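Note sheet for the following structure.
Protein chains: 2
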Amino acid sequence: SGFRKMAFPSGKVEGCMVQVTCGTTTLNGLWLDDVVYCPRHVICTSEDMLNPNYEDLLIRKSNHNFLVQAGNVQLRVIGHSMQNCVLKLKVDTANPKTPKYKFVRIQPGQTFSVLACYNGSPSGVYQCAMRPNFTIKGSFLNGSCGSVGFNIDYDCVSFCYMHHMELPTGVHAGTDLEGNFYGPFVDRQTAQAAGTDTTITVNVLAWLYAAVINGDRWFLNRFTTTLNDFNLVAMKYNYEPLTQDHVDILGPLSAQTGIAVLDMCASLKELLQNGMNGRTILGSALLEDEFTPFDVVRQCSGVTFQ
Amino acid sequence: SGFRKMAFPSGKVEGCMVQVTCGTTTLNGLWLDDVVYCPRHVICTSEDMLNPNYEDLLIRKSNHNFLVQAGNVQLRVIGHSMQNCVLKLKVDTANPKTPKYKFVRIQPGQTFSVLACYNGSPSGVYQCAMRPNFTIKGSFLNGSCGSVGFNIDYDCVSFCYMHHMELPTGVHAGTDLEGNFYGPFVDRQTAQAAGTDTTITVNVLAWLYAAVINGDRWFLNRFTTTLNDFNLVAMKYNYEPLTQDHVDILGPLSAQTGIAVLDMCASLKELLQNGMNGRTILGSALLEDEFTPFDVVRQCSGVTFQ
Ligand SMILES: CCc1cc(O)c(Oc2ccc(C(N)=O)cc2F)cc1F
Ligand SMILES: CCc1cc(O)c(Oc2ccc(C(N)=O)cc2F)cc1F
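As you go down the protein sequences, you meet chains A and B in turn.
Take the position in the first sequence, starting the count at 1, then add 1169; the result is the number in my numbering.
Take the position in the second sequence, starting the count at 1, then add 1169; the result is the number in my numbering.
Below is the structure:
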């Protein structure tokens, strides 16, 4: 019993974290096979983050300008290239701790674990979601760039995020492992403001099913609704519109608990219109939206990883 | 910026998790050097959890009755002994992934990371606190027994919890790694109810400092108070009494933010008496008490682990 914000085991990713230093800038890199991936703004100095021309800044960089340190050993850089907003540093040693892995570009609403690192050393792990405005609400300080977000399916690590920037509002932005930013953000210290932080409706519903499974049932009402009628309420509270795809994805949780998806929507509707009246759900006083339906099934069924 | 429920990197502990099977019962064990630690109720059957006599049940067990599997390899058990509520299974192979480690019995209010496991395979990691009633609010399903809680100080893993039981109320109980239960709980399926779940006052205050550091300052009032006057409010809301030791421990956070500890107490007092009026603090609608002062400093300063 009990439901917690749960991250994947980070050991497979810890063995891939290295320290990359260019000039006086040090951040983290990801060492997979014989390539080290890191944010391209490692080549930037302080005066340059306002308006960097990365192509021009890279002309003055050779392989030996990139210092890559794994633990206490220096990796030999034998080639380097820029792919979008990441650099790929070819090293002469394949990472012996390389796990089975994929590179995935996730959709908004999807969750992943972040291994926060500093100077190539892991500091902590927590669970994140890609917000609908393509930011993430993480915990990152100076030097955390290059920290990655990932999912694990048994023995395969799916890397989906690399941390690049912190916006003036305290939220965070980054790229996939191909170097393409999530959302409209750029690796420049400029005026870029995040859009509306809408709530991930399907995730709240999943979390409500998780609450029912674990004994929190006070919010179950006597009402039902339709997708169109619920979405009229979702729009007012800046909730994502619920689609039939979302209903379908919640099928398994609906079947296990015997509560029709549209019944749970009517329960959510009452919670949005009347608040929680000082009660709590799974130890929270607000509606949680960073659990996916698959996360709930995983944690309520005990899926492991080899 | 940003403040998150953050667990330690679990890689050092993942390499120690094994599967222990006795008869038809399978749970998790912790393999350090040439000893495997696991809950002693691995030797129990279903009819036996009501009133087990472990000394008698152990008489019918030999070394070869304990099947210990690390990954896909069978470990050779060459000795076994019961220490309080854990079994120590001497194996003939030292764990080559053994990290620097200690065994620590933590105090209530202290936090730690849990590596939830099933069949010796890690499933996820999350942060927990030892509640003042000596329970923990975890996420454990059948087969999770033997999962451990731990802290890391750079390169030393301090193991402080092994999971044993789930109470009828959905909370969790366990032992230190010497086999002594936290609180009055026993490894028997009996009537044992948890006491008052009081709030860890010093941890809430630490978390309020973390909020100030990250830009949430609306709760800062114009008032101050005394320890005795604040504690009169703490008692009403089932808060731990604050002591001078607690004030001293908050010194560093007080100095960094320039807010006297007793000023922050007066802010907490107003929050308890008037609620949050629908606002949030660090993304929460309730007062969080599972961050220690040391946790806040760690996450706000970027401490790493080698
Ligand atoms: C030119 C691109 C660029 C380079 C930087 O080095 C940079 O610096 C930071 C990045 C992230 C954080 C944080 N806390 O996540 C803090 C930082 F100072 C920002 C930035 F856009
Ligand atoms: C005789 C001692 C004993 C043996 C058990 O095997 C047991 O079983 C469970 C333990 C923990 C959980 C959970 N979800 O944490 C679930 C369980 F069924 C309980 C118990 F007291």
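Backbone N, C-alpha and C fix where the C-beta goes; we use that ideal spot for every residue, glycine too.
Put simply, of B:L1236, B:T1473 and B:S1423 the residue whose alpha carbon is nearest the alpha carbon of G1289 of chain B is B:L1236. At least one heavy atom of ligand 1 falls within 7 Å of the beta-carbon of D1356 of chain A. At a cut-off of 8 Å between beta carbons, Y1408 of chain A makes no contact with chain B. Shown here, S1170 of chain B sits in coil according to DSSP, grouped into three states, outside any helix or strand. Within the region 1445-1464 of chain A, the residues whose Cβ lies closer than 9 Å to any Cβ of chain B are, in chain order, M1445, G1447, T1449, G1452, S1453, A1454 and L1455. Counted as a single uninterrupted DSSP element, the alpha helix (DSSP H) harbouring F1399 of chain B occupies residues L1396 to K1405.
Cβ contact annotation for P1410 of chain B (same chain, cutoff 8 Å, sequence separation greater than five): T1370, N1400, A1403 and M1404, in chain order.
Beta-bridge pairing by DSSP links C1207 of chain A to A:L1256.
With a beta-carbon spacing of about 4 Å, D1345 of chain B and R1274 of chain B fall inside the 8 Å limit used to define contacts. Within 10 angstroms of the beta-carbon of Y1408 of chain B lie 16 or more other beta-carbons, which makes it buried. Residue pairing by DSSP puts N1320 of chain A in a beta bridge opposite A:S1327. For a cut-off of 8 Å, the C-beta gap from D1324 of chain B to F1474 of chain B is around 7 Å, short enough to register as a contact. For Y1295 of chain A, the C-beta contacts it makes with chain B under 8 Å involve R1173, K1174, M1175 and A1176, in order along the chain.
Counting of Cβ neighbours within 10 angstroms places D1417 of chain B among the exposed residues, the total staying below 16. Excluding its 5 nearest sequence neighbours in each direction, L1440 of chain B has C-beta neighbours in its own chain below 8 Å: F1388 and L1456, listed in chain order. At a cut-off of 7 Å, the beta-carbon of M1331 of chain B does not count as near ligand 2: no heavy atom of the ligand is closer than that. In this structure, the beta-carbon distance from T1304 of chain A to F1460 of chain A does not fall below 8 Å.
With a cutoff of 7 Å, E1335 of chain B counts as near ligand 2, since its C-beta is closer than that to a heavy atom of the ligand. Burial check for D1385 of chain A: the Cβ neighbour count within 10 Å reaches 16 or more, so the residue is buried. Under the criterion of beta carbons closer than 8 Å, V1182 of chain B and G1198 of chain B do not qualify as touching, at roughly 12 Å.
Contact annotation for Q1468 of chain B against chain A: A1285, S1292, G1293, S1308 and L1310 [CB-CB distance below 9 Å, chain order]. Contact of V1472 of chain B with chain A is assigned, a C-beta pair being separated by under 8 Å.
At least one beta carbon of chain A lies nearer than 8 Å to the beta carbon of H1341 of chain B. Relative to ligand 1, the beta carbon of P1221 of chain A is positioned inside 7 Å of a heavy atom.
Residue pairing by DSSP leaves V1381 of chain A without any beta bridge partner. When C-alpha distances from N1443 of chain A are compared across A:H1415, A:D1414, A:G1420 and A:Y1406, the shortest belongs to A:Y1406. Straight across, the Cα-Cα distance linking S1316 of chain B with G1364 of chain A is about 41 Å. Taking C-beta atoms as the reference points, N1232 of chain A and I1212 of chain A fail to come closer than 8 Å.
Its chain contains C1469 as the residues whose beta carbon lies nearer than 6 Å to that of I1382 of chain A, once the 5 sequence neighbours on both sides are disregarded; these appear in chain order.
Of the heavy atoms belonging to ligand 1, none sits nearer than 7 Å to the Cβ of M1445 of chain A. Under a criterion of Cβ atoms nearer than 8 Å, the residues of chain B adjacent to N1288 of chain A are, in order, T1473. A distance below 8 Å between beta-carbons, with the five flanking residues on each side excluded, links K1269 of chain A to the following residues of its chain, in chain order: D1324, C1325 and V1326.
Listed in chain order, the non-local C-beta contacts of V1204 of chain B below 8 Å within the same chain comprise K1257, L1258, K1259 and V1260, local neighbours out to five positions each way being set aside. Excluding the 5 residues flanking it on each side, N1349 of chain B has same chain C-beta neighbours closer than 6 Å at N1253, in chain order.
Within chain A, no residue has its CB atom less than 8 Å from the CB of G1315 of chain B, the nearest being about 13 Å off.
Residue contact check for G1364 of chain A against chain B: no CB pair falls below 8 Å.
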